[PDB]
$ cat start.pdb   # PDB, C-alpha atoms and all ligand atoms
ATOM      1  CA  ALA D   1       2.604   2.084 -16.614
ATOM      2  CA  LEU D   2       0.183  -0.494 -15.287
ATOM      3  CA  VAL D   3      -3.583  -0.230 -15.331
ATOM      4  CA  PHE D   4      -5.388  -1.961 -12.462
ATOM      5  CA  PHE D   5      -9.104  -2.676 -12.869
ATOM      6  CA  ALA D   6     -11.784  -2.205 -10.193
ATOM      7  CA  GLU D   7     -15.553  -2.103  -9.877
ATOM      8  CA  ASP D   8     -16.616   1.429  -8.819
ATOM      9  CA  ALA D   9     -21.591   0.220 -11.033
ATOM     10  CA  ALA D  10     -18.885   0.235 -13.808
ATOM     11  CA  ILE D  11     -15.421  -1.203 -14.348
ATOM     12  CA  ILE D  12     -12.728   1.500 -14.191
ATOM     13  CA  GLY D  13      -8.983   1.490 -14.854
ATOM     14  CA  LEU D  14      -6.575   2.870 -12.273
ATOM     15  CA  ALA D  15      -3.327   4.000 -13.735
ATOM     16  CA  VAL D  16       0.019   3.514 -12.036
TER      17      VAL D  16
ATOM     18  CA  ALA L   1     -16.632   1.632  -2.458
ATOM     19  CA  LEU L   2     -14.150   0.112  -4.944
ATOM     20  CA  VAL L   3     -13.998  -3.625  -5.528
ATOM     21  CA  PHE L   4     -10.632  -4.976  -6.720
ATOM     22  CA  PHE L   5     -10.555  -8.505  -8.177
ATOM     23  CA  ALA L   6      -7.855 -11.110  -7.491
ATOM     24  CA  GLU L   7      -7.380 -14.816  -8.089
ATOM     25  CA  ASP L   8      -7.183 -16.825  -4.880
ATOM     26  CA  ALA L   9      -8.516 -21.243  -7.485
ATOM     27  CA  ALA L  10     -11.431 -18.706  -7.458
ATOM     28  CA  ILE L  11     -11.802 -14.985  -8.218
ATOM     29  CA  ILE L  12     -12.551 -12.901  -5.138
ATOM     30  CA  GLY L  13     -13.516  -9.275  -4.648
ATOM     31  CA  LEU L  14     -11.620  -7.058  -2.233
ATOM     32  CA  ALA L  15     -13.627  -4.187  -1.044
ATOM     33  CA  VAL L  16     -12.422  -0.737  -0.251
TER      34      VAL L  16
ATOM     35  CA  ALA A   1      -0.784 -16.177  -2.773
ATOM     36  CA  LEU A   2      -3.231 -13.812  -4.434
ATOM     37  CA  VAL A   3      -2.787 -12.823  -8.042
ATOM     38  CA  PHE A   4      -3.925  -9.371  -9.018
ATOM     39  CA  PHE A   5      -4.462  -8.707 -12.718
ATOM     40  CA  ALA A   6      -3.224  -5.587 -14.480
ATOM     41  CA  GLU A   7      -2.831  -4.328 -18.003
ATOM     42  CA  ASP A   8       0.812  -3.788 -18.968
ATOM     43  CA  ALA A   9      -0.378  -4.574 -24.193
ATOM     44  CA  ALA A  10      -1.038  -7.827 -22.275
ATOM     45  CA  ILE A  11      -2.767  -8.714 -19.034
ATOM     46  CA  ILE A  12      -0.297  -9.753 -16.361
ATOM     47  CA  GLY A  13      -0.586 -11.245 -12.898
ATOM     48  CA  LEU A  14       0.981  -9.681  -9.823
ATOM     49  CA  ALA A  15       1.631 -12.100  -7.074
ATOM     50  CA  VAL A  16       1.130 -11.334  -3.386
TER      51      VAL A  16
ATOM     52  CA  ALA W   1     -13.680   7.061  -7.005
ATOM     53  CA  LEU W   2     -12.522   7.530  -3.387
ATOM     54  CA  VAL W   3     -10.804  10.666  -2.185
ATOM     55  CA  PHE W   4      -8.418  10.331   0.738
ATOM     56  CA  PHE W   5      -7.416  13.504   2.591
ATOM     57  CA  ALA W   6      -3.953  14.575   3.780
ATOM     58  CA  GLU W   7      -2.277  17.634   5.149
ATOM     59  CA  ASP W   8       0.452  18.926   2.815
ATOM     60  CA  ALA W   9      -0.102  23.812   5.008
ATOM     61  CA  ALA W  10      -3.293  22.907   3.088
ATOM     62  CA  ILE W  11      -5.511  19.819   3.026
ATOM     63  CA  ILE W  12      -5.304  17.956  -0.272
ATOM     64  CA  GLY W  13      -7.344  15.150  -1.784
ATOM     65  CA  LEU W  14      -5.771  12.009  -3.173
ATOM     66  CA  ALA W  15      -7.910  10.350  -5.650
ATOM     67  CA  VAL W  16      -8.359   6.649  -6.187
TER      68      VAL W  16
ATOM     69  CA  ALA J   1       5.994  15.160   4.274
ATOM     70  CA  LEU J   2       2.244  14.431   4.099
ATOM     71  CA  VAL J   3       0.192  13.840   7.244
ATOM     72  CA  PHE J   4      -2.736  11.428   6.913
ATOM     73  CA  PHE J   5      -5.416  11.609   9.619
ATOM     74  CA  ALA J   6      -6.937   8.581  11.310
ATOM     75  CA  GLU J   7      -9.080   7.797  14.311
ATOM     76  CA  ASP J   8      -7.171   5.684  16.882
ATOM     77  CA  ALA J   9     -10.291   7.338  20.786
ATOM     78  CA  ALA J  10      -8.440  10.375  19.340
ATOM     79  CA  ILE J  11      -7.596  11.658  15.879
ATOM     80  CA  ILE J  12      -3.930  11.078  15.088
ATOM     81  CA  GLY J  13      -1.615  12.105  12.226
ATOM     82  CA  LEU J  14       0.474   9.623  10.310
ATOM     83  CA  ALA J  15       3.493  11.051   8.684
ATOM     84  CA  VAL J  16       4.889  10.176   5.312
TER      85      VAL J  16
ATOM     86  CA  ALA I   1      -8.005  -0.584  14.991
ATOM     87  CA  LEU I   2      -7.314   2.626  13.035
ATOM     88  CA  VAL I   3     -10.105   4.251  11.073
ATOM     89  CA  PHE I   4      -9.182   6.202   7.982
ATOM     90  CA  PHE I   5     -11.691   8.603   6.503
ATOM     91  CA  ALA I   6     -12.384   9.043   2.827
ATOM     92  CA  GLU I   7     -14.935  10.679   0.617
ATOM     93  CA  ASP I   8     -16.919   8.111  -1.356
ATOM     94  CA  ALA I   9     -20.772  11.687  -1.991
ATOM     95  CA  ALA I  10     -20.542  10.627   1.711
ATOM     96  CA  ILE I  11     -17.660  10.404   4.157
ATOM     97  CA  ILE I  12     -16.916   6.785   5.093
ATOM     98  CA  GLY I  13     -14.590   5.114   7.584
ATOM     99  CA  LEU I  14     -12.126   2.420   6.479
ATOM    100  CA  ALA I  15     -11.168   0.149   9.183
ATOM    101  CA  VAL I  16      -7.725  -1.239   9.698
TER     102      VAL I  16
ATOM    103  CA  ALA V   1      -1.179   2.499  16.809
ATOM    104  CA  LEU V   2      -0.655  -0.857  15.083
ATOM    105  CA  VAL V   3       2.686  -2.642  15.069
ATOM    106  CA  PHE V   4       3.431  -4.824  12.058
ATOM    107  CA  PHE V   5       6.190  -7.388  12.417
ATOM    108  CA  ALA V   6       8.893  -8.351   9.943
ATOM    109  CA  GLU V   7      12.105 -10.307   9.929
ATOM    110  CA  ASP V   8      15.222  -8.261   9.284
ATOM    111  CA  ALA V   9      18.252 -11.788  11.423
ATOM    112  CA  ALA V  10      15.971 -10.180  14.053
ATOM    113  CA  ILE V  11      12.232  -9.627  14.315
ATOM    114  CA  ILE V  12      11.387  -5.923  14.102
ATOM    115  CA  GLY V  13       8.275  -3.819  14.624
ATOM    116  CA  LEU V  14       6.905  -1.271  12.179
ATOM    117  CA  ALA V  15       4.749   1.261  13.782
ATOM    118  CA  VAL V  16       1.671   2.717  12.296
TER     119      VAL V  16
ATOM    120  CA  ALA C   1      -7.164 -15.071   1.427
ATOM    121  CA  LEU C   2      -4.165 -13.558   3.164
ATOM    122  CA  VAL C   3      -4.227 -12.561   6.824
ATOM    123  CA  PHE C   4      -1.584 -10.055   7.946
ATOM    124  CA  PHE C   5      -0.855  -9.900  11.685
ATOM    125  CA  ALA C   6      -0.288  -6.834  13.802
ATOM    126  CA  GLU C   7      -0.211  -5.909  17.448
ATOM    127  CA  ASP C   8      -3.091  -3.570  18.338
ATOM    128  CA  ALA C   9      -2.515  -4.987  23.543
ATOM    129  CA  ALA C  10      -3.655  -7.982  21.399
ATOM    130  CA  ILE C  11      -2.798  -9.545  18.031
ATOM    131  CA  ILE C  12      -5.289  -8.919  15.266
ATOM    132  CA  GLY C  13      -5.546 -10.345  11.809
ATOM    133  CA  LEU C  14      -6.045  -8.036   8.888
ATOM    134  CA  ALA C  15      -7.795  -9.869   6.189
ATOM    135  CA  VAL C  16      -7.091  -9.593   2.508
TER     136      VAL C  16
ATOM    137  CA  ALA G   1      15.576  -7.196   2.643
ATOM    138  CA  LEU G   2      12.570  -7.525   4.978
ATOM    139  CA  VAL G   3      10.386 -10.595   5.252
ATOM    140  CA  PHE G   4       6.780  -9.980   6.181
ATOM    141  CA  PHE G   5       4.784 -12.916   7.507
ATOM    142  CA  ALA G   6       1.191 -13.621   6.552
ATOM    143  CA  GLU G   7      -1.241 -16.499   6.742
ATOM    144  CA  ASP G   8      -1.978 -17.654   3.181
ATOM    145  CA  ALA G   9      -3.643 -22.171   5.210
ATOM    146  CA  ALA G  10       0.048 -21.756   5.925
ATOM    147  CA  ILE G  11       2.238 -19.003   7.321
ATOM    148  CA  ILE G  12       4.397 -17.659   4.517
ATOM    149  CA  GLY G  13       7.121 -15.001   4.068
ATOM    150  CA  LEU G  14       6.693 -12.070   1.703
ATOM    151  CA  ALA G  15      10.008 -10.764   0.731
ATOM    152  CA  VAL G  16      10.772  -7.171   0.200
TER     153      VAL G  16
ATOM    154  CA  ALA B   1      15.404  -1.144   7.531
ATOM    155  CA  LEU B   2      14.869  -0.323   3.831
ATOM    156  CA  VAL B   3      15.028   3.292   2.708
ATOM    157  CA  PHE B   4      12.779   4.406  -0.132
ATOM    158  CA  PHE B   5      13.656   7.693  -1.913
ATOM    159  CA  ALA B   6      10.971  10.168  -2.948
ATOM    160  CA  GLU B   7      10.812  13.843  -3.852
ATOM    161  CA  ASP B   8       9.175  15.819  -1.014
ATOM    162  CA  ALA B   9      11.443  20.097  -2.873
ATOM    163  CA  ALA B  10      14.251  17.645  -2.005
ATOM    164  CA  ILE B  11      14.726  13.925  -2.496
ATOM    165  CA  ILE B  12      14.363  12.333   0.948
ATOM    166  CA  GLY B  13      14.604   8.875   2.445
ATOM    167  CA  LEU B  14      11.492   7.159   3.778
ATOM    168  CA  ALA B  15      12.354   4.493   6.207
ATOM    169  CA  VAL B  16      10.726   1.132   6.411
TER     170      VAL B  16
ATOM    171  CA  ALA E   1       3.153  16.270  -2.513
ATOM    172  CA  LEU E   2       5.486  13.347  -2.802
ATOM    173  CA  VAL E   3       6.845  12.002  -6.053
ATOM    174  CA  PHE E   4       7.908   8.404  -6.045
ATOM    175  CA  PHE E   5      10.304   7.115  -8.697
ATOM    176  CA  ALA E   6      10.275   3.919 -10.781
ATOM    177  CA  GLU E   7      11.891   2.480 -13.849
ATOM    178  CA  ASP E   8       9.342   1.864 -16.573
ATOM    179  CA  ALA E   9      12.988   2.179 -20.320
ATOM    180  CA  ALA E  10      12.663   5.510 -18.552
ATOM    181  CA  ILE E  11      12.517   6.701 -14.975
ATOM    182  CA  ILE E  12       9.025   7.989 -14.176
ATOM    183  CA  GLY E  13       7.617   9.974 -11.266
ATOM    184  CA  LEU E  14       4.419   8.909  -9.592
ATOM    185  CA  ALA E  15       2.676  11.671  -7.792
ATOM    186  CA  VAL E  16       1.050  11.518  -4.426
TER     187      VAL E  16
ATOM    188  CA  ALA X   1       6.676  -4.234 -14.941
ATOM    189  CA  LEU X   2       7.658  -1.186 -12.906
ATOM    190  CA  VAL X   3      10.845  -1.344 -10.831
ATOM    191  CA  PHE X   4      10.872   0.686  -7.635
ATOM    192  CA  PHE X   5      14.211   1.445  -6.002
ATOM    193  CA  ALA X   6      15.297   1.127  -2.366
ATOM    194  CA  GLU X   7      18.436   1.272  -0.309
ATOM    195  CA  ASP X   8      19.136  -1.990   1.521
ATOM    196  CA  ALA X   9      24.322  -0.782   1.446
ATOM    197  CA  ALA X  10      23.066  -1.673  -2.037
ATOM    198  CA  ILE X  11      20.431  -0.020  -4.163
ATOM    199  CA  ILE X  12      17.957  -2.724  -5.092
ATOM    200  CA  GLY X  13      14.978  -3.011  -7.369
ATOM    201  CA  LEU X  14      11.490  -4.094  -6.363
ATOM    202  CA  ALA X  15       9.430  -5.341  -9.115
ATOM    203  CA  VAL X  16       5.832  -4.698  -9.689
TER     204      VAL X  16
HETATM  205 CL    CL D 101       0.409   7.496 -12.894
HETATM  206 CL    CL D 102       5.028 -12.958  -2.879
HETATM  207 CL    CL D 103      10.334   1.918  10.670
HETATM  208 NA    NA D 104     -19.389   3.397   0.701
HETATM  209 NA    NA D 105      -7.334 -17.047 -11.805
END
$ encode --input "start.pdb" --output "structure tokens"
Amino acid sequence: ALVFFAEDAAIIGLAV
Amino acid sequence: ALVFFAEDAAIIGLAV
Amino acid sequence: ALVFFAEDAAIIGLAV
Amino acid sequence: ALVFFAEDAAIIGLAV
Amino acid sequence: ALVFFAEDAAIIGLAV
Amino acid sequence: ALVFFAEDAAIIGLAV
Amino acid sequence: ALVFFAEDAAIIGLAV
Amino acid sequence: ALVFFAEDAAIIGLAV
Amino acid sequence: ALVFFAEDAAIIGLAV
Amino acid sequence: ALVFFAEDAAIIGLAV
Amino acid sequence: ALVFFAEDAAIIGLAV
Amino acid sequence: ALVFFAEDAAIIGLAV
């Protein structure tokens, strides 16, 4: 899978 | 909201 | 085009 | 994270 | 299929 | 434009 | 609703 | 940045 | 395949 | 149009 | 919910 | 990368 990063603060990984 | 980063060069934030 | 980064490990660029 | 709602009936949350 | 709700005004359902 | 709702907590509108 | 256009050749509309 | 076009009527640009 | 048009400026095709 | 296949259960076509 | 399929190799299901 | 499948007929892969 891929992990996209985003600022939610703190940086989080979104798994796809 | 989430901020996703992308390269456009410069890095930009895309807000959701 | 924009390039989104993702972890796949190595960081890769996804072009849009 | 964000939670988007949808009707599946019951309403469910989709998490991002 | 899922139905997502949106304001278009009236609330509509978008089917997927 | 369409407005999608999401829970961010508070409910927000995302404009498209 | 929105209509997005695309080339399929003919130009088509995608309704949302 | 990208701008996607759609018919909303009038044409609107959706900015990314 | 579909080609979606966007302003990137110049108007470009995004192929799917 | 493209047809994407997803499990909805049965595997169904989603038309784009 | 929907399950979308992708080749990752193995075929994986992505839940929505 | 992930490969998503679609019917275009041929079955094609869309790379992400
Ligand atoms: Cl996943
Ligand atoms: Cl592209
Ligand atoms: Cl369609
Ligand atoms: Na917010
Ligand atoms: Na860059």
$ residues_around --input "start.pdb" --residues "residue 15 of chain B" --least-positions-apart "3" --cutoff "7 Å" --atoms "all atoms listed in the file" --output "NGL selection string"
:B and (1-4)
$ atom_distance --input "start.pdb" --atom1 "atom CA of residue 6 of chain L" --atom2 "atom CA of residue 8 of chain I"
22.1 Å
$ resolve_selection --input "start.pdb" --expression "the ChimeraX specification (/J :<12) & /W" --output "PDB file with C-alpha atoms, in the coordinates of the input"
ATOM      1  CA  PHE W   4      -8.418  10.331   0.738  1.00  0.00           C
ATOM      2  CA  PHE W   5      -7.416  13.504   2.591  1.00  0.00           C
ATOM      3  CA  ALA W   6      -3.953  14.575   3.780  1.00  0.00           C
ATOM      4  CA  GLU W   7      -2.277  17.634   5.149  1.00  0.00           C
ATOM      5  CA  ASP W   8       0.452  18.926   2.815  1.00  0.00           C
ATOM      6  CA  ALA W   9      -0.102  23.812   5.008  1.00  0.00           C
ATOM      7  CA  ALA W  10      -3.293  22.907   3.088  1.00  0.00           C
ATOM      8  CA  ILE W  11      -5.511  19.819   3.026  1.00  0.00           C
ATOM      9  CA  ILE W  12      -5.304  17.956  -0.272  1.00  0.00           C
ATOM     10  CA  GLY W  13      -7.344  15.150  -1.784  1.00  0.00           C
ATOM     11  CA  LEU W  14      -5.771  12.009  -3.173  1.00  0.00           C
TER      12      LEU W  14
END
$ build_atoms --input "start.pdb" --residues "segment 2-16 of chain E" --atoms "N, CA, C and O atoms" --output "compact mmCIF listing (two decimals), keeping the file's coordinate frame"
# COMPACT_ATOMS: atom_id res chain seq x y z
N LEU E 2 4.36 14.20 -2.64
CA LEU E 2 5.49 13.35 -2.80
C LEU E 2 5.51 12.90 -4.25
O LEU E 2 4.47 12.81 -4.90
N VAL E 3 6.70 12.66 -4.75
CA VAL E 3 6.84 12.00 -6.05
C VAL E 3 7.72 10.80 -5.82
O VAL E 3 8.89 10.94 -5.44
N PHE E 4 7.18 9.63 -6.11
CA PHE E 4 7.91 8.40 -6.04
C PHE E 4 8.48 8.02 -7.40
O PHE E 4 7.86 8.30 -8.43
N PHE E 5 9.66 7.42 -7.42
CA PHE E 5 10.30 7.12 -8.70
C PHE E 5 10.29 5.60 -9.01
O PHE E 5 10.33 4.73 -8.11
N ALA E 6 10.22 5.29 -10.30
CA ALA E 6 10.28 3.92 -10.78
C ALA E 6 10.83 3.89 -12.17
O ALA E 6 10.66 4.83 -12.95
N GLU E 7 11.47 2.77 -12.49
CA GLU E 7 11.89 2.48 -13.85
C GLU E 7 10.74 1.83 -14.58
O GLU E 7 10.19 0.81 -14.13
N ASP E 8 10.38 2.41 -15.71
CA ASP E 8 9.34 1.86 -16.57
C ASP E 8 9.91 1.54 -17.96
O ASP E 8 9.94 2.39 -18.84
N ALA E 9 13.86 1.76 -21.44
CA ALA E 9 12.99 2.18 -20.32
C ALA E 9 13.37 3.57 -19.86
O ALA E 9 14.43 4.12 -20.20
N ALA E 10 12.44 4.18 -19.06
CA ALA E 10 12.66 5.51 -18.55
C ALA E 10 12.28 5.54 -17.10
O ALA E 10 11.41 4.78 -16.66
N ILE E 11 12.91 6.42 -16.35
CA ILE E 11 12.52 6.70 -14.98
C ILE E 11 11.30 7.62 -15.02
O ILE E 11 11.31 8.65 -15.73
N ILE E 12 10.27 7.24 -14.26
CA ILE E 12 9.02 7.99 -14.18
C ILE E 12 8.78 8.41 -12.72
O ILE E 12 9.33 7.83 -11.80
N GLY E 13 8.01 9.48 -12.57
CA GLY E 13 7.62 9.97 -11.27
C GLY E 13 6.14 9.77 -11.10
O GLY E 13 5.36 10.19 -11.94
N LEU E 14 5.78 9.17 -9.98
CA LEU E 14 4.42 8.91 -9.59
C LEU E 14 4.03 9.84 -8.44
O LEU E 14 4.59 9.72 -7.35
N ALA E 15 3.06 10.71 -8.69
CA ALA E 15 2.68 11.67 -7.79
C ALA E 15 1.76 11.35 -6.80
O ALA E 15 0.74 10.76 -7.11
N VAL E 16 1.99 11.74 -5.54
CA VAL E 16 1.05 11.52 -4.43
C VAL E 16 1.08 12.79 -3.58
O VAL E 16 1.84 12.88 -2.62
